[PDB]
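Numbered according to PDB author numbering, the sequence shown spans residues 1 to 53, 58 to 297, 309 to 352.
Notes follow the structure.
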Amino acid sequence: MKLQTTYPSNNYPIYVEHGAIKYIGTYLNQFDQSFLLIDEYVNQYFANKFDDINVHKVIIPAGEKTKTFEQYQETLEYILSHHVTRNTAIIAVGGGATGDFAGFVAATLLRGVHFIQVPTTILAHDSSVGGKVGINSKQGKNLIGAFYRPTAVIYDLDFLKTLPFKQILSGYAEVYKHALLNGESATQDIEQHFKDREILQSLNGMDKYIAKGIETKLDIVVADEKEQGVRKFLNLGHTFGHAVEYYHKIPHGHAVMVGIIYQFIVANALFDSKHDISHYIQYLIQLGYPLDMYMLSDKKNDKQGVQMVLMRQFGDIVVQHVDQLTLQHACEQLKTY
Ligand SMILES: NC(=O)c1ccc[n+]([C@@H]2O[C@H](COP(=O)([O-])OP(=O)(O)OC[C@H]3O[C@@H](n4cnc5c(N)ncnc54)[C@H](O)[C@@H]3O)[C@@H](O)[C@H]2O)c1
Ligand SMILES: O=C(O)[C@]1(O)C[C@H](CP(=O)(O)O)[C@@H](O)[C@H](O)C1
Ligand SMILES: [Zn+2]
């Protein structure tokens, strides 16, 4: 399969399929050079699958550890010491952390070079699309970065076959977030397929729901590309979730699930949406989520206070200030579990 962006122009393709690693060469021989940035662990995993390929390998730290100024400066300096030109290209081979980072390198290298997204994780079906890239500050998640449409996104589904469950759980929180944004329809549907840990962990039919999720975000970002409207909805649970992640050092996805339950509660203490908190808590339990596990600076805020993406009812998403009280009780109400 192959989806694509629908902007007036300057649009990139999104090749999603098993073995899509093949479409890489059909771009390469058009760039001066190509600096393939790959996650340290991912390298170990697929060091051989990329030997087919003007291309120079750059091994970057494992996951979330690569998104720092230090690593940003280092990586930039190293690449510039290779007399690169504007017609060079960065090939992000790894997960969201790796793509965010490399994507920021390629966005700033000479005010912008060519960017190729090669997502290898489930959560990366989200991170690889949308054009958001960046690193972290001693202040929080994603405070420095930019919007840089990659030249192309090449998603080879064969990459998933090696993800431990922890990452399947982390990444599924995103496949689920998107279904939630598809209203009560695509939701109860996905819950009815991935009903337990076994089906999830087994990745059966995951392909179908990953494409469903890319297809979903692809509409939002084509629409509100600079997050000045509906793209704000994608921050569902990232309010409490970006705070939770950068604080317990738990998988991003895990923290998104928690910000999602949290968001439902805050929606009920405010809109009395009559959300079945106990329903979502058991779904997390049946899936295998680890039930054992700042917001004043998020990117949907203003000089007034907090700003959450609350669901009042399926197909009725809002965004609005929330007193730390409704939050104070929401994070004690969520303690009930
Ligand atoms: N629009 C955006 O810019 C955007 C959207 C969503 C999330 N994110 C970012 O994405 C990151 C979280 O996503 P992530 O979990 O995919 O990142 P990640 O790079 O941290 O990957 C998670 C872990 O899986 C390993 N891994 C990667 N490929 C693998 C594979 N195929 N098999 C086995 N293990 C593999 C990595 O080494 C790492 O330890 C965060 O940094 C988050 O802020 C960015
Ligand atoms: O616009 C997007 O692509 C996102 O809202 C971007 C956020 C990152 P941000 O909240 O740091 O922008 C990401 O976590 C979420 O899954 C989707
Ligand atoms: Zn996310």
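Think of the CB as a built atom: it goes at the ideal place given N, C-alpha and C, for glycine as much as any other residue.
- DSSP, reduced to helix, strand and coil, places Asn-58 outside both helices and strands of the structure shown, so it counts as coil.
- Taken from the Cβ of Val-42, at least one heavy atom of ligand 1 lies inside 7 Å.
- Scanning the segment 191 to 231 from its first residue to its last, the whole alpha helix (DSSP H) runs of 4-plus residues come out as 201 to 205, 210 to 227.
- When DSSP states are grouped into helix, strand and coil, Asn-239 belongs to the helix group.
- In this structure, the beta-carbon distance from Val-157 to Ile-214 does not fall below 8 Å.
- Setting aside the 5 residues that flank it on each side, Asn-58 is surrounded in the same chain by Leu-28, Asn-29, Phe-31, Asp-32, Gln-33, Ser-34, each with a C-beta closer than 8 Å to its C-beta; the list follows chain order.
- In the DSSP assignment, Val-16 is bridged to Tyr-159.
- Collapsing the DSSP output to three states places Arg-153 in coil.
- Note on geometry: alpha-carbon atoms of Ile-63 and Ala-227 lie some 35 Å from one another.
- Residue environment for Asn-272: buried (at least 16 other C-beta atoms within 10 angstroms of its C-beta).
- Look at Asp-130 here: in three-state DSSP terms it is helix.
- Exclusion of the five residues before and after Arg-90 leaves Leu-114, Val-117 as the residues of its chain whose Cβ lies within less than 7 Å of its Cβ.
- Collapsing the DSSP output to three states places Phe-108 in a helix.
- Annotated three-state conformation of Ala-101 is helix, per DSSP.
- In the DSSP assignment, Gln-4 falls within the unbroken beta strand (DSSP E) covering 2 to 4.
- In the DSSP secondary-structure assignment, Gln-121 is bridged to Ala-96, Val-157.
- Taking C-alpha positions only, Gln-328 is separated from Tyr-293 by approximately 24 Å.
- In the three-state reduction of the DSSP assignment, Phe-73 falls in the helix class.
- At least one heavy atom of ligand 2 is found less than 7 Å from the C-beta of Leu-238.
- The nearest non-hydrogen atom of ligand 2 is less than 7 Å from the C-beta of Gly-134.
- Inter-residue distance for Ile-21 and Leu-340 is about 49 Å (C-alpha atoms, whole angstroms).
- For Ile-172, the closest C-alpha among the options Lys-230, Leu-185, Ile-139, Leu-207 is that of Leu-207.
- In terms of Cβ geometry, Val-324 and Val-334 form a close pair [threshold 8 Å].
- In the DSSP secondary-structure assignment, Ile-64 is bridged to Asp-39.
- Rounded to whole angstroms, the gap between the alpha carbons of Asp-338 and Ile-95 is 43 Å.
- Counting along the chain, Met-261 sits inside the alpha helix (DSSP H) bounded by residues 256 to 275.
- Annotated three-state conformation of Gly-135 is coil, per DSSP.
- The closest heavy atom of ligand 1 lies less than 7 Å from the beta carbon of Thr-124.
- Here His-86 is exposed: its Cβ has fewer than 16 other Cβ atoms, across all protein chains shown, within 10 Å.
- Judged by beta-carbon spacing, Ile-139 lies within the 8 Å limit of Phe-73, meaning their Cβ atoms are closer than that value.
- Contact check for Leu-127 against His-256 passes: the beta carbons are separated by less than 8 Å.
- Annotated three-state conformation of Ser-174 is helix, per DSSP.
- If you check the C-beta of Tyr-45 against ligand 1, you find a heavy atom less than 7 Å away.
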